Amino acid sequence: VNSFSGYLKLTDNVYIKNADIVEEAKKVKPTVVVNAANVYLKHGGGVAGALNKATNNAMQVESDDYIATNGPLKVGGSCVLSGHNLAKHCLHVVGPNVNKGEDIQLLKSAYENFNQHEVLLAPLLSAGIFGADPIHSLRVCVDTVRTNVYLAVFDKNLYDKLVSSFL
Ligand SMILES: C[C@H](O)[C@@H](C)Nc1ncnc2[nH]ccc12
Ligand SMILES: [Cl-]
């Protein structure tokens, strides 16, 4: 039993809700919140911009030190950093950004990072400003993630289409 509330159960281990991931994380304070990161951990917009703003830029400060030490992530890769005031940990995961020409096949590799964590609060990878089809992202999530994932979908209109179209 966990403290996630109001989710629709899609499969044994995948759950979905219309919610602002920022407000969800503050309410739940989960062990792991997933950020929709880019390889530079520059949290300028989308989910990343919103998560960072909620930390008063502390996420960005930590991230800049991480990059200065380690260099950029790989597309499809991840790193674990602090969750700041939002969660215990933030799993920064880089899905492909279609508006950059990046191979959508890397979306499965990106979701594989979730399997290293028993429970996660997450957005749909590569959705929004990363340019991928969210219906595809949800399908890859369900077919790749085996751990318990709580998907937060900001847009109410988008949420209803994913549910009604879910196979
Ligand atoms: C599919 C996209 O990733 C879209 C659903 N992004 C988001 N999801 C949840 N919470 C959010 N807060 C700000 C952006 C955002
Ligand atoms: Cl977005």
Side-chain angles (χ1 to χ4, degrees), residues 1-38 43 45-55 59 75-81 83-99 102 104-167:
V1 180
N2 60 51
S3 58
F4 288 100
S5 181
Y7 283 79
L8 179 70
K9 181 169 179 60
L10 294 175
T11 67
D12 179 71
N13 66 297
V14 176
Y15 296 81
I16 195 168
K17 182 183 180 180
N18 171 229
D20 182 349
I21 191 168
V22 170
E23 292 310 315
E24 272 295 287
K26 286 192 285 185
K27 182 69 174 186
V28 177
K29 309 227 205 306
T31 302
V32 179
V33 67
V34 174
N35 182 31
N38 60 52
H43 309 301
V47 168
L51 288 174
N52 177 58
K53 179 178 173 181
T55 76
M59 178 179 285
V75 179
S78 71
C79 69
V80 179
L81 290 173
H84 300 276
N85 51 319
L86 304 176
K88 185 161 193 282
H89 306 285
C90 180
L91 180 70
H92 296 273
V93 180
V94 187
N97 189 326
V98 174
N99 307 314
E102 291 169 352
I104 197 61
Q105 304 305 309
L106 289 166
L107 188 55
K108 188 175 184 73
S109 299
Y111 274 116
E112 288 171 341
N113 294 286
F114 289 24
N115 289 322
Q116 301 293 318
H117 303 275
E118 289 203 320
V119 183
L120 316 86
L121 169 63
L124 283 168
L125 293 181
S126 297
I129 68 179
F130 280 63
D133 180 350
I135 299 178
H136 180 60
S137 183
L138 174 58
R139 187 74 259 164
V140 177
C141 179
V142 165
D143 293 342
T144 304
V145 180
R146 299 177 298 284
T147 56
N148 287 329
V149 56
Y150 292 84
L151 292 167
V153 179
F154 180 57
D155 189 80
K156 169 58 177 172
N157 281 324
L158 175 61
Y159 169 82
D160 290 347
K161 184 184 183 193
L162 298 163
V163 170
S164 300
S165 54
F166 184 68
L167 192 48

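Only this structure's heavy atoms are used, side chains among them; waters, hydrogens and symmetry mates stay out. Here, residue 1 is the first one in the sequence, and each next residue gets the next number.
Looking at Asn52, its side chain never comes within 3.5 Å of a backbone N or O of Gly49 through a donor-acceptor pair. Side-chain atoms of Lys9 come within 3.5 Å of backbone atoms of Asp12 as a donor-acceptor pair (strictly under, hydrogens ignored).
Smallest separation of non-hydrogen atoms from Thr31 and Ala87: O-CB, 4.5 Å. Contact between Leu8 and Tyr159 at its shortest, heavy atoms only, is CB-OH, 3.7 Å. Residues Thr144 and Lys108 come closest through the heavy atom pair OG1-NZ, 2.9 Å. Of all non-hydrogen atoms in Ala54 and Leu86, the two that sit nearest each other are CB-CD2, 4.0 Å. Closest non-hydrogen pair, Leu51 versus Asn35, comes out as CD1-OD1, 3.5 Å. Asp155 and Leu158 make their closest contact through OD2-N, 2.7 Å (heavy atoms, listed as atom of the first residue, atom of the second, distance).
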Practice task
Would you please test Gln116 and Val80 for side-chain contact (heavy atoms from CB on, under 4.5 Å) and show each step?
Solution key: CA-CA 11 Å; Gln116 301 293 318; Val80 179; over 6 Å; no
Handout entry: Chi angles and distances behind the side-chain contact (heavy atoms from CB on, under 4.5 Å) call for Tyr111, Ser137
Key = CA-CA 9 Å; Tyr111 274 116; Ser137 183; 2.7 Å; yes
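Proximity of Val32 to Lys88: side-chain heavy atoms (C-beta onward) are nowhere separated by under 4.5 Å. Within the 4.5 Å cutoff, the side chain of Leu138 has heavy atoms near those of the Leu10 side chain. Contact check for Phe154 versus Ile21: no side-chain heavy atoms found under the 4.5 Å cut-off. Side-chain contact between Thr147 and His117 is absent, with no heavy atoms from C-beta onward closer than 4.5 Å. Between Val119 and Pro30, every side-chain heavy-atom pair lies at or beyond the 4.5 Å cut-off.
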Give every donor-acceptor pair under 3.5 Å between a side-chain atom in residues 122-133 and any protein atom, sequence neighbours left out.
{"residue": "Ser126", "atom": "OG", "partner": "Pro96", "partner atom": "O", "Å": "2.7"}
{"residue": "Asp133", "atom": "OD1", "partner": "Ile135", "partner atom": "N", "Å": "2.9"}

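A distance of 11.5 Å separates CG in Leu91 from CG in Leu121, rounded to the nearest 0.5 Å. The structure places CD of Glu102 at 11.5 Å from CG of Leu107, a figure rounded to the nearest 0.5 Å.
Qualifying side-chain contact (heavy atoms from CB on, under 4.5 Å) partners for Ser5, counting only residues two or more places apart in sequence or in other chains: none.
Classification of the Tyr150-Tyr7 ring pair by plane angle, with boundaries at 30° and 60°, yields perpendicular.
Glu24 and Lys27 are not joined by a salt bridge, as no carboxylate oxygen comes within less than 4.0 angstrom of a charged side-chain nitrogen.
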